[PDB]
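Spelled out, the chains give:
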There are 2 protein chains.
Amino acid sequence: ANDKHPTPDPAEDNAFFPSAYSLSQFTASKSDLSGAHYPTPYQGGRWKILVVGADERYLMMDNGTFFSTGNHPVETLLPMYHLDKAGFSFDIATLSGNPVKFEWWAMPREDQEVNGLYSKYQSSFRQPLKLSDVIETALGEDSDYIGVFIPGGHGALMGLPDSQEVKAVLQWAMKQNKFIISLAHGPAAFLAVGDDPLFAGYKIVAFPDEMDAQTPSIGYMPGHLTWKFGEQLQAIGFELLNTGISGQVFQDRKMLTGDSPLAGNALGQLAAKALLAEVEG
Amino acid sequence: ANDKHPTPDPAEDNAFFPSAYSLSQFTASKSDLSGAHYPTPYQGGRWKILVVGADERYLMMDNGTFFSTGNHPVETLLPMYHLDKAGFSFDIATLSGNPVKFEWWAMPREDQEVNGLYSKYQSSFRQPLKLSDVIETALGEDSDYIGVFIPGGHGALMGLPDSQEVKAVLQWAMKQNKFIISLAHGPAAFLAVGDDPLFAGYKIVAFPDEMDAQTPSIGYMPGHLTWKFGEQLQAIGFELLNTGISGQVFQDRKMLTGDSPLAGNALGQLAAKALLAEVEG
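Each chain has its residues counted from 1 in the order its sequence is written, and this count may differ from the entry's own numbering; any residue lacking coordinates is left out. Chain letters start at A and ligand numbers start at 1, both assigned in the order the entries are written. Computation of side-chain values: all heavy atoms of the structure, hydrogens and water removed.

Per the PDB record, the structure was determined using X-ray crystallography to 1.84 Å resolution.

Here is the structure:
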């Protein structure tokens, strides 16, 4: 079971899940969720958070094979767990309006708390809002969103990075001074601003490009990525604070980020703290 | 293959492929592709067929499970095979721009010609055009599209039926008197016109709602459809000509339709014929 060959995904031809060996290395049956206790949660009932998920599971590799990916379930659910306990609700959307796609092979199958949160929001993940509608009717100056959460997973590398709709959402978050929460490959979505220097100088942590060039060696992916989101973010003004991963998180004003799936819990704590602080006043 | 239990799709939670039993009844290792010989095929190198495929594989059932579907490969590749033989090219697009999703469980693995056709357009199916780009520059008054092809498969029931972009394509096709080719569940895409009476009085064949209501009994789908595309088509003026399925195709002006996966070959011949007759007009 310590095999390094990518595992074929029967749902799609020439598609592969991470090899068994890489799975034993980067996934676990339980998550490290902890410290999700907030004595004074938000009771206002107005402020919620918008989640922009990935609507595609299959990412094209340089060799033509499809990496069977999507949003990373730990990177998505842990931050949501803390924010949920902090008293905030979530609206879930995708660009196409099609179901959010998770990397189910990374789901902690024996983690009761994490599974219970997905259960709470499964109807929304499976039948999300279409982002265009949210832009049309739920943003603007008096939106009920206190922030936007863009989870990682390689699924975030598709659509989001060059979507005018994502650009609209980011422009709104900045113009209305809202929280922008992301981690790992999630920050690839920030590239949607194009050459609009909206994020010049911002400091973030994100999944290291170098590691993406390395995981295929143990079959985590069936080929290599066709572009590097890290260098692109740097090209438009972001300062990447990390070169490795350790579950590190960082807050630059209202921009909260995490470096990888290891940062799921730390990010949840970080954001819960920031959001509660703002409503506290 | 006697097993009638829906088969778990490992890529997605609570998603199921058709039961082994239903597959033995509705799919085969080879197709009935035949008579794809056109003595004098089109050689002008201009006219093309626009293909609008399905970008989503998971359809929500009435019981909350997902039917692991997509476009039906036979319904898709046979009409294309003939038109290819006829000398016409194709542009493949999806609403989101995400990869066309095929019901791979129905692909004839032992069909040489069919598999070779897929290989030829493999890159376009996996990395299709986004419909909005096609609408911005490929339509108009002097388009190179001689017709539009919308293949079936239950994947066609998602996105297409209420897409404003599909509406633009169909209103355009009708205004410019272009061929509209579809079969089985593909005609559900015609509902995109909403309340435009454009199709009043048209005769077409399509997969019967009555049949959809029963396939779940043998595990073809993990639940039942949440709506009936046939009844809605009738509600906007379409006259459904078929009660069951037999490979039946019909031509009413430039509306060319087939009744089910069985109509793939005949629709290809019908389309090839109609298009060849016009180009020589």
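(A) How the structure looks around the overall build of chain A. A run of H or I in DSSP counts as a helix once it spans at least four residues, and a run of E counts as a strand once it spans at least two, with each numbered from the N terminus. Along the backbone of chain A there are eight helices and 13 strands. In this description the radius of gyration comes from C-alpha coordinates, and the expected globular size is given by 2.2 Å times residues to the power 0.38. For chain A, whose C-alpha radius of gyration is 18 Å, the value lies close to the compact-globule estimate of 19 Å for 281 residues. In chain A, the share of contacts with a sequence separation of at least 24, taken over all contacts with a separation of at least 6, comes to 78%. Each accessible area is a Shrake-Rupley estimate made with a 1.4 Å probe; only the visible protein chains count as cover when residues are assessed. For chain A, the computed accessible surface area is about 10900 Å², with 48% contributed by carbon and sulfur atoms. Side chains of chain A give 19 positive and 33 negative charges; the mean places of these two sets differ by 6 Å. The contact definition used throughout considers only heavy atoms, calling two residues in contact when any of these lie within 4.5 Å. Neither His nor the chain ends is counted toward charge; the positive residues are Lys and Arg and the negative residues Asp and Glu. Where a charge sits is defined by one atom per residue type, namely NZ (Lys), CZ (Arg), CG (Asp) or CD (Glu).

(B) Spatial organisation of the sheet that holds strand β5 (residues 66–68) of chain B. All names here are of chain B. If you walk across this open sheet you meet the four strands as β1-β2-β5-β4, and the pairing is mixed. Looking at which strands have only one partner, the edges of the open sheet turn out to be β1 (7–8) and β4 (58–60). By the convention used here, strands pair only if DSSP detects at least 2 bridges between them. Pairing of strand β2 (residues 15–17) with β5, which is carried by two bridges, proceeds in the parallel orientation. Paired with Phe 16 across the two strands is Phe 67, which belongs to β5.

(C) Examining the interface of chain A and chain B more closely. Between chain A and chain B, the contact holds 22 residues from the first and 22 residues from the second. In total, chain A and chain B occlude about 2000 Å² of area from one another, counting both sides; carbon and sulfur atoms represent 50% of this. Its largest share of buried area at the contact with chain B, chain A owes to A:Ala11, A:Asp13 and A:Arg126, together 27% of the area lost on that side. The closest approach of N and O atoms between A:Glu12 and B:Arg57, which form a salt bridge, is 2.8 Å. What qualifies as a polar contact is a pair of N or O atoms within 3.5 Å, subject to a donor-acceptor requirement within protein and to the restriction that residues adjacent in sequence count only when both atoms come from side chains. Viewed at the interface, chain B and chain A are joined by 12 residue pairs in polar contact. We call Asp, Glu, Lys and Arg charged. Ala, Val, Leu, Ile, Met, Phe, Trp, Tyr, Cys and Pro are nonpolar, and the rest, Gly among them, are polar. In terms of residue class, the side of chain A that touches chain B is built from eight nonpolar, five polar and nine charged. Accessible area that two parts lose when put together, evaluated with a 1.4 Å probe and summed over both, is termed the buried area. By convention in these notes, a salt bridge is any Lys or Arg side-chain nitrogen within 4 Å of a carboxyl oxygen on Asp or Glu.

(D) Structural detail: the packing of helix α2 (residues 73–85) of chain A against helix α3 (residues 112–126) of chain A. Residue and element names in this part refer to chain A. Here the axes come from fitting lines to C-alpha atoms, over the contacting stretch only for helices, and the angles between their N-to-C directions go from 0 to 180 degrees. α3 packs onto α2 with a crossing angle of 95 degrees between their chain directions and a minimal axis gap of 10 Å. On the basis of their axis angle, the class for α2 and α3 is roughly perpendicular. The residues of α3 that touch α2, namely those facing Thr 76, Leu 77, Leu 78, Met 80, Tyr 81 and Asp 84, are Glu 113, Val 114, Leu 117, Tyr 118, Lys 120, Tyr 121 and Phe 125. Class assignment of the residues belonging to the contact of α2 with α3 gives a composition of nine nonpolar, one polar and three charged. By definition in this entry, angles of less than 35 degrees are roughly parallel, angles greater than 145 are roughly antiparallel, angles of 65 to 115 are roughly perpendicular, and the rest are oblique.

(E) Expanded view of empty space enclosed by the protein. Cavities and pockets are defined on a 1 Å grid built over the protein atoms alone: a cavity is a set of grid points where a 1.4 Å probe fits but cannot escape, while a pocket is an open set with protein on both sides within 12 Å along at least five of seven lines, and lining residues are those with an atom within 4 Å of any such point. Grid points are joined across faces, edges and corners, and a volume is the space filled by probe spheres set on the points. Evaluated as defined, the whole model comprises three cavities of 30 Å³ or more. For the largest cavity, the full set of lining residues is A:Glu56, A:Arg57, A:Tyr58, A:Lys101, B:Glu56, B:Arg57, B:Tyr58 and B:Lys101. The residue makeup of the lining of the largest cavity, split by class, is two nonpolar, no polar and six charged.

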